[PDB]
Amino acid sequence: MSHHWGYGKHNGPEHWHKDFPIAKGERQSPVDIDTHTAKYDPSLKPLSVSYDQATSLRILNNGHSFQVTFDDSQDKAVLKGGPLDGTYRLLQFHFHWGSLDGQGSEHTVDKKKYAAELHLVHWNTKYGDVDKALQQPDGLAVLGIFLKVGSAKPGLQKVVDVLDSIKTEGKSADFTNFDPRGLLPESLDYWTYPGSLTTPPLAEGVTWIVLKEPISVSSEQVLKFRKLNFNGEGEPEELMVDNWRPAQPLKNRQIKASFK
Ligand SMILES: NS(=O)(=O)c1ccc(NC(=O)Nc2ccc(C(F)(F)F)cc2)cc1
Ligand SMILES: [Cl-]
Ligand SMILES: [Zn+2]
């Protein structure tokens, strides 16, 4: 609540700049996507999402989200095309969500907040490892996908099923043989802009690719997210909800759209 960065009144996003002054930088994320200002760019290529050989490893409650990690030693699950130059390897995905269904997303669309947001995090292979990539202005690409409540997303259910085994900070479980293709919406139409990580260290090295089409997840799926805990085992129970950073100033940036 004050012993480490987080999302509460005493350690949340308004405090982060003290340890990470780039929090007040020129290319911070998330942002509000004003759909009427975004520019259709007919020269953007279709996004290429190649996840058929993805090799998942573990699922972890890291005290700020839950995250599924992948083997990124080789080009297995990669993102290419769109605004990207070269090849970006999938490292991990995680979510941000709310306490109620009208908040939880980091990006907004014409100020609209979604119930949650999925981030599929990739790094640029030209830098050899993620640690080096994190120091570059084009080191990372994050594919952001909004979640709204509707019918269940079948490809999310194996994630939901394991959450009770990682309730508290520091717990992990085996999470091999998970196929992230099951998390995507039908359309790959997107907005893109240059930004940052949305958690410390807030590094300004991300090409954001935010899909226009949300996925629908069921009420029961989101309720299971909201049973996770921020705290470690034995500490006062603080439900892991509202683990989202609000929109940051756009400053000197243009958001581009892949679609008219
Ligand atoms: N919310 S967001 O999508 O903007 C976002 C925020 C923070 C990160 N940070 C990392 O993935 N860091 C990282 C992972 C993994 C490793 C490894 F263990 F592999 F070296 C070393 C660093 C990514 C994305
Ligand atoms: Cl604390
Ligand atoms: Zn994220």
# chains A, B, ... in the order shown; residues from 1 in each chain; ligands from 1
$ residues_near_ligand --ligand "ligand 3" --cutoff "9 Å" --atoms "only C-alpha atoms and all ligand atoms" --output "PyMOL selection string"
chain A and resi 65+93-96+106+117-121+142+144+197-199+244
$ closest_atom_pairs --of "segment 124-184 of chain A" --to "segment 66-87 of chain A" --cutoff "8 Å" --atoms "only C-alpha atoms" --output "Markdown table"
| residue | atom | partner | partner_atom | distance |
| --- | --- | --- | --- | --- |
| A:124 | CA | A:87 | CA | 6.0 |
| A:125 | CA | A:87 | CA | 5.9 |
| A:126 | CA | A:86 | CA | 7.7 |
| A:175 | CA | A:68 | CA | 7.4 |
$ residues_near_ligand --ligand "ligand 2" --cutoff "6 Å" --atoms "only C-alpha atoms and all ligand atoms" --output "VMD selection string"
chain A and resid 1 to 4
$ write_last_selection --atoms "N, CA and C atoms" --output "PDB file, in the first residue's frame"
ATOM      1  N   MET A   1       0.860  -1.225   0.000  1.00  0.00           N
ATOM      2  CA  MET A   1       0.000   0.000   0.000  1.00  0.00           C
ATOM      3  C   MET A   1       0.878   1.251   0.000  1.00  0.00           C
ATOM      4  N   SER A   2       2.145   1.076   0.374  1.00  0.00           N
ATOM      5  CA  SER A   2       3.089   2.181   0.426  1.00  0.00           C
ATOM      6  C   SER A   2       4.515   1.628   0.474  1.00  0.00           C
ATOM      7  N   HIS A   3       4.637   0.287   0.536  1.00  0.00           N
ATOM      8  CA  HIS A   3       5.949  -0.351   0.615  1.00  0.00           C
ATOM      9  C   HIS A   3       6.486  -0.696  -0.782  1.00  0.00           C
ATOM     10  N   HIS A   4       5.645  -0.561  -1.816  1.00  0.00           N
ATOM     11  CA  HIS A   4       6.026  -0.909  -3.179  1.00  0.00           C
ATOM     12  C   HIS A   4       5.028  -0.184  -4.074  1.00  0.00           C
TER      13      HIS A   4
END
$ residues_around --residues "residue 188 of chain A" --least-positions-apart "2" --cutoff "8 Å" --atoms "only C-alpha atoms" --output "list in words"
residues 46, 47, 185, 186, 190, 211, 212 and 213 of chain A
$ residues_around --residues "residue 25 of chain A" --least-positions-apart "2" --cutoff "12 Å" --atoms "only C-alpha atoms" --output "PyMOL selection string"
chain A and resi 17+20-23+27-29+195-197+202-205+248-252
$ closest_residue --among "A:174, A:41, A:233, A:220" --to "residue 58 of chain A" --atoms "only C-alpha atoms"
A:174
$ closest_residue --among "A:207, A:254, A:168, A:176" --to "residue 234 of chain A" --atoms "only C-alpha atoms"
A:168
$ atom_distance --atom1 "atom CA of residue 219 of chain A" --atom2 "atom CA of residue 187 of chain A"
22.8 Å
$ decode --residues "segment 95-200 of chain A" --atoms "C-alpha atoms" --output "short mmCIF file (atom, residue, chain, number, x, y, z; two decimals), in the first residue's frame"
data_model
loop_
_atom_site.label_atom_id
_atom_site.label_comp_id
_atom_site.auth_asym_id
_atom_site.auth_seq_id
_atom_site.Cartn_x
_atom_site.Cartn_y
_atom_site.Cartn_z
CA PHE A 95 -4.54 -8.25 -18.10
CA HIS A 96 -5.77 -5.07 -16.46
CA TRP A 97 -9.34 -4.99 -15.08
CA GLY A 98 -11.77 -3.15 -12.88
CA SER A 99 -13.93 -3.53 -9.83
CA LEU A 100 -17.04 -2.86 -11.97
CA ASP A 101 -17.71 -3.55 -15.65
CA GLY A 102 -17.47 0.13 -16.70
CA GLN A 103 -13.80 0.47 -15.81
CA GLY A 104 -10.65 -1.63 -16.11
CA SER A 105 -9.13 -0.85 -19.48
CA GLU A 106 -6.02 1.31 -19.77
CA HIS A 107 -6.64 2.66 -23.24
CA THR A 108 -9.98 4.33 -23.81
CA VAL A 109 -11.86 4.87 -27.05
CA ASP A 110 -13.58 8.26 -27.27
CA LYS A 111 -13.29 8.21 -23.46
CA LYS A 112 -15.05 4.85 -23.26
CA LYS A 113 -13.55 2.46 -20.67
CA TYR A 114 -13.87 -1.30 -21.20
CA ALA A 115 -14.15 -3.92 -18.45
CA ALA A 116 -10.59 -5.11 -19.01
CA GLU A 117 -7.63 -5.00 -21.39
CA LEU A 118 -5.35 -7.82 -22.53
CA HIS A 119 -1.73 -6.97 -23.32
CA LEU A 120 0.31 -9.38 -25.47
CA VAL A 121 3.89 -8.21 -25.02
CA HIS A 122 6.52 -8.69 -27.69
CA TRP A 123 10.15 -7.61 -28.10
CA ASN A 124 12.19 -6.69 -31.16
CA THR A 125 14.55 -9.53 -32.11
CA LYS A 126 17.15 -7.10 -33.43
CA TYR A 127 18.08 -6.42 -29.75
CA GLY A 128 18.62 -10.07 -28.85
CA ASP A 129 16.88 -10.18 -25.47
CA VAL A 130 14.07 -8.35 -23.74
CA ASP A 131 16.36 -6.61 -21.23
CA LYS A 132 18.22 -4.92 -24.07
CA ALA A 133 14.99 -4.27 -25.99
CA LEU A 134 13.59 -2.42 -22.96
CA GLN A 135 16.33 0.21 -23.39
CA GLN A 136 15.39 1.05 -26.99
CA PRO A 137 12.76 3.37 -28.40
CA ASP A 138 11.48 0.59 -30.71
CA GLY A 139 12.21 -2.31 -28.42
CA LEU A 140 8.70 -3.56 -27.66
CA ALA A 141 5.35 -4.00 -29.34
CA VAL A 142 2.25 -4.53 -27.23
CA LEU A 143 -0.94 -5.81 -28.81
CA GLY A 144 -3.84 -4.46 -26.75
CA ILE A 145 -7.26 -6.06 -26.84
CA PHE A 146 -10.33 -4.75 -25.03
CA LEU A 147 -12.65 -7.04 -23.10
CA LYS A 148 -16.39 -6.43 -22.72
CA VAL A 149 -18.83 -8.60 -20.91
CA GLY A 150 -20.99 -10.88 -23.07
CA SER A 151 -20.70 -14.53 -23.98
CA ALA A 152 -17.75 -16.53 -22.70
CA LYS A 153 -14.48 -16.54 -24.61
CA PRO A 154 -13.62 -20.23 -24.84
CA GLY A 155 -9.90 -19.58 -25.42
CA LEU A 156 -9.75 -17.71 -22.09
CA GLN A 157 -11.27 -20.48 -20.04
CA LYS A 158 -8.05 -22.44 -19.39
CA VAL A 159 -6.61 -19.24 -17.86
CA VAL A 160 -9.68 -18.71 -15.67
CA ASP A 161 -9.56 -22.33 -14.51
CA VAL A 162 -6.08 -21.95 -13.01
CA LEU A 163 -6.52 -18.62 -11.18
CA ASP A 164 -7.51 -20.25 -7.90
CA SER A 165 -4.01 -21.79 -7.81
CA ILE A 166 -2.27 -18.39 -8.00
CA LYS A 167 -4.46 -16.34 -5.64
CA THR A 168 -1.68 -14.35 -3.96
CA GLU A 169 1.47 -12.52 -4.93
CA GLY A 170 4.39 -14.75 -5.83
CA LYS A 171 2.43 -17.88 -6.61
CA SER A 172 3.01 -19.55 -9.97
CA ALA A 173 1.80 -22.69 -11.75
CA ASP A 174 2.64 -24.72 -14.83
CA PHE A 175 0.90 -23.31 -17.87
CA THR A 176 2.28 -25.23 -20.82
CA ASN A 177 0.43 -25.99 -24.05
CA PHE A 178 -1.66 -22.79 -24.02
CA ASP A 179 -2.63 -21.42 -27.42
CA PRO A 180 -2.92 -17.58 -27.42
CA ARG A 181 -4.70 -17.58 -30.77
CA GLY A 182 -7.86 -18.21 -28.75
CA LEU A 183 -7.66 -14.74 -27.21
CA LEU A 184 -7.99 -12.73 -30.42
CA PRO A 185 -11.11 -11.11 -31.91
CA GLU A 186 -12.13 -11.77 -35.54
CA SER A 187 -10.74 -8.50 -36.94
CA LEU A 188 -7.14 -7.34 -36.77
CA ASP A 189 -8.05 -3.74 -37.55
CA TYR A 190 -6.07 -1.49 -35.21
CA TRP A 191 -4.88 1.85 -34.02
CA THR A 192 -1.18 2.43 -33.43
CA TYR A 193 0.95 5.04 -31.71
CA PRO A 194 4.34 5.31 -29.98
CA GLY A 195 4.18 4.99 -26.22
CA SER A 196 5.44 3.36 -23.06
CA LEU A 197 5.03 0.56 -20.61
CA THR A 198 1.98 1.27 -18.45
CA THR A 199 3.67 0.00 -15.28
CA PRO A 200 7.08 0.82 -13.78
#
